[PDB]
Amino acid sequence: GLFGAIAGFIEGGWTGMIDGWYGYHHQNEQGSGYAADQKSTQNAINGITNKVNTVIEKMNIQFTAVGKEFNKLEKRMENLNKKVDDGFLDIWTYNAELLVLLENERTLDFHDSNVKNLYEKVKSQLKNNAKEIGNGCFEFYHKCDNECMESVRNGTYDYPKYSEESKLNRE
C-alpha cells in the first residue's frame, strides 16, 4: 500500500476483531483481547458512505430511451442515430469503469493511511516507555494494566507516570 501499513509492516489482518476496521490487541496480567478503535472506524465509515453515495448521485436516472425506425431511403440518418447511441455508450462504459478503478485505489490507500496514523498516535504517546517489536506491536517497559491500556486507546497515556519505572527496565 501507499502508506506501508496494510500488507506492509503489519503483515496480516485480525479475524478476531469483528467490531471495527482498525483497533488494538493487548496482553497484560489481567488477560488479552481485541478492541476496535470506534472513532477512526466510524469516521472511515462516514467518508466511504459519502464516496459511494457520490458515485450514485453523480449518475442521473436514465429516463425512457428507446429506438427509432428508418425507411430504406434514410440510411444516413439511421447510421447517424446509431453513431450517437454507440458513442454515448462508449463514453459511459468508459466513465463507469475508470471511476470505479480510480476510487478503488483511493479507498485502499485511505484504509492504509488510517492504520498508519493509528500506529503513529500510539508510538508518539509511548515514546521510550515501550519498544517497537515489529508487526505493529509494542512491548511496555512497565506493568501496563487495563486502565493504562485504555489510556493508550483514547488520547490520555500518562508518560511521566511510568518514566521512572520504564527507565529502570530499559537497562
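Note that residue numbering begins at 1 and tracks the sequence as displayed.
A.B. asks: Which is higher on mean Cα B factor in this entry, 109-117 or 132-140?
C.D. replies: Mean B over CA atoms: larger for 132-140.
A.B. asks: Between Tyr24, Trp14, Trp21, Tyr159, which one tops the list for C-alpha B-factor in the PDB entry?
C.D. replies: Of the candidates given, the C-alpha B-factor peaks at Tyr159.
A.B. asks: Split the chain's modelled residues into thirds by Cα B-factor; is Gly47 in the lowest, middle or highest one?
C.D. replies: Lowest third, going by the recorded CA B-factors of the chain.
A.B. asks: Would you please rank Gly8 by its C-alpha temperature factor against the other modelled residues of its chain and give the third it falls in: lowest, middle or highest?
C.D. replies: CA B-factor rank for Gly8: middle third.
A.B. asks: Lowest, middle or highest third: where is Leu102 by Cα B-factor in its chain?
C.D. replies: Its C-alpha B-factor, which the entry lists for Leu102, ranks in the lowest third among residues of this chain.
A.B. asks: Going by the recorded CA B-factors, say which third of the chain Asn53 sits in, lowest, middle or highest.
C.D. replies: Bottom third by C-alpha B-factor.
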